[PDB]
A.B. asks: 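Encoded as structure tokens, here's the structure I'll be asking about.
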Amino acid sequence: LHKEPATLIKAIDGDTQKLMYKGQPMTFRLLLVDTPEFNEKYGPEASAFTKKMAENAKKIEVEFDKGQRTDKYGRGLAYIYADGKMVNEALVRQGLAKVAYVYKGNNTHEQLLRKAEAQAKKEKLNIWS
Ligand SMILES: Cc1cn([C@H]2C[C@H](OP(=O)(O)O)[C@@H](COP(=O)(O)O)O2)c(=O)[nH]c1=O
Ligand SMILES: [Ca+2]
């Protein structure tokens, strides 16, 4: 997989954000994770965590997997990096997302993320508290 450049247009919630990619505005949905909706427990905390990570970053990058690059809603499906650190992994490591939506063909980072989930659950963080 390869990282490609993007810039933040605006935060949306824990697992979606509006980025500019190849010069066009797109909503991205983070691969392999599911944050709570803003109206659910830890939804606000997730939204804040992703908003902070993306807004503080000097460099945002998007990395597509081997499979579908857009979902049925027209959202881009990617791993997103904020100064080289993966947002998807970070959310999971903090107990603010669960590994979820693991579809064959787009699951390159599955075991990285499951290792993070195990550590979050071991620490009883957030969702696992
Ligand atoms: C993460 C992800 C979600 N989806 C679709 C599946 C779910 O469909 P349904 O809308 O029919 O439930 C929805 C969940 O996204 P959200 O968690 O953002 O709601 O997004 C994909 O198709 N591919 C993906 O990789
Ligand atoms: Ca969600």
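Each ligand, and each atom within it, is numbered from 1 in the order the structure gives. These numbers come from the heavy atoms of this one structure, side chains and all, not from hydrogens, waters or symmetry mates. Start at 1 with the first residue, then count along the sequence.
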A.B. asks: To which protein heavy atom is atom 10 (O) of ligand 1 closest, and what is the distance rounded to 0.1 Å?
C.D. replies: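 Checking every protein heavy atom, the shortest distance to atom 10 (O) of ligand 1 gives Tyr73 OH, 2.6 Å.
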A.B. asks: Geometry only, no angles: is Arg29 polar-contacting ligand 1 at N/O separations under 3.5 Å?
C.D. replies: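 Among all N and O atoms of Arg29, at least one is under 3.5 Å from an N or O of ligand 1.
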A.B. asks: Ring centres of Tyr79 and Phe28 under 6.0 Å apart?
C.D. replies: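 No, they do not, as the ring centres are separated by 6.0 Å or more.
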A.B. asks: Roughly how far, to the nearest 0.5 Å, is CG of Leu19 from CD1 of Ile80?
C.D. replies: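 Rounded to the nearest 0.5 Å, the CD1-CG separation comes out at 5.5 Å.
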A.B. asks: Checking a contact table here: which protein heavy atom is nearest atom 7 (C) of ligand 1, and how many Å away?
C.D. replies: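 Here the nearest protein heavy atom works out to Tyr101 CE2, 3.7 Å.
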A.B. asks: Starting from atom 19 (O) of ligand 1, which protein heavy atom do you reach first, and at what distance in Å?
C.D. replies: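 For atom 19 (O) of ligand 1, the nearest protein heavy atom comes out as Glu37 OE2, 4.2 Å.
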A.B. asks: When you look for heavy atoms under 4.0 Å from ligand 1, do you find them on the side chain of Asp34, its backbone, both, or neither?
C.D. replies: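 For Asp34, only side-chain atoms sit under 4.0 Å from ligand 1.
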A.B. asks: Using the rule side chain to side chain donor-acceptor pair (under 3.5 Å), only one of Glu61, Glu63, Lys59 pairs with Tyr81; which is it?
C.D. replies: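 One option only clears the test, and that one is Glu63.
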A.B. asks: Would you confirm whether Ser47, through its side chain, and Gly43, through its main-chain N or O, come within 3.5 Å as a donor-acceptor pair?
C.D. replies: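 Side chain of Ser47 to backbone of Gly43, a donor-acceptor pair under 3.5 Å: yes, one is there.
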A.B. asks: Would you mind naming the N, O or S atom of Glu37 nearest to the Ca ion (ligand 2)?
C.D. replies: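 The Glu37 atom nearest to the Ca ion (ligand 2), restricting to N, O or S, is OE2.
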A.B. asks: Any donor and acceptor pair, going by atom type alone, linking the side chain of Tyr42 with main-chain N or O of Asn126 inside 3.5 Å?
C.D. replies: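 Yes: the side chain of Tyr42 pairs with the backbone of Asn126.
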A.B. asks: Provide, to 0.1 Å, the distance between atom 22 (O) of ligand 1 and the closest protein heavy atom, together with that atom's residue and name.
C.D. replies: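 Minimum-distance protein heavy atom for atom 22 (O) of ligand 1 reads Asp71 CB, 3.8 Å.
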A.B. asks: Does ligand 1 come near enough to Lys72 that some N or O of the ligand is less than 3.5 Å from an N or O of the residue?
C.D. replies: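 Looking only at distances, the answer is yes, because the N/O contact criterion of under 3.5 Å is met.
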A.B. asks: Before accepting this row, confirm whether a basic side-chain N of the pair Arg29/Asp15 lies closer than 4.0 Å to the acidic partner's carboxylate O.
C.D. replies: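 Looking at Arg29 and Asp15, the cut-off is met.
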A.B. asks: Would you mind checking which non-hydrogen protein atom is closest to atom 23 (N) of ligand 1, with the distance to 0.1 Å?
C.D. replies: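 Nearest protein contact, heavy atoms only, for atom 23 (N) of ligand 1 is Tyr103 CE1, 3.4 Å.
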A.B. asks: Around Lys121, counting heavy atoms of other residues, nucleotides and ligands shown, do more than 12 lie under 6.0 Å from its NZ?
C.D. replies: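 Yes - once you tally the heavy atoms of other residues, nucleotides and ligands closer than 6.0 Å, there are more than 12.
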A.B. asks: Atom CG in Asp65, atom CD in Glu110: separation rounded to 0.5 Å?
C.D. replies: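 If I round to the nearest 0.5 Å, the distance is 10.5 Å.
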A.B. asks: Among the N, O or S atoms of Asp15, which one sits nearest to the Ca ion (ligand 2)?
C.D. replies: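 Atom name of the closest N, O or S in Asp15: OD2.
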A.B. asks: Does ligand 1 have an atom that lies less than 4.0 angstrom from a heavy atom of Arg75?
C.D. replies: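 Yes, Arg75 has a heavy atom closer than 4.0 Å to ligand 1.
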A.B. asks: Could you please compute the angle at the Ca ion (ligand 2) from OD1 of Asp34 to O of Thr35, rounded to 10°?
C.D. replies: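 Angle O(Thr35)-the Ca ion (ligand 2)-OD1(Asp34): 80°, rounded to 10°.
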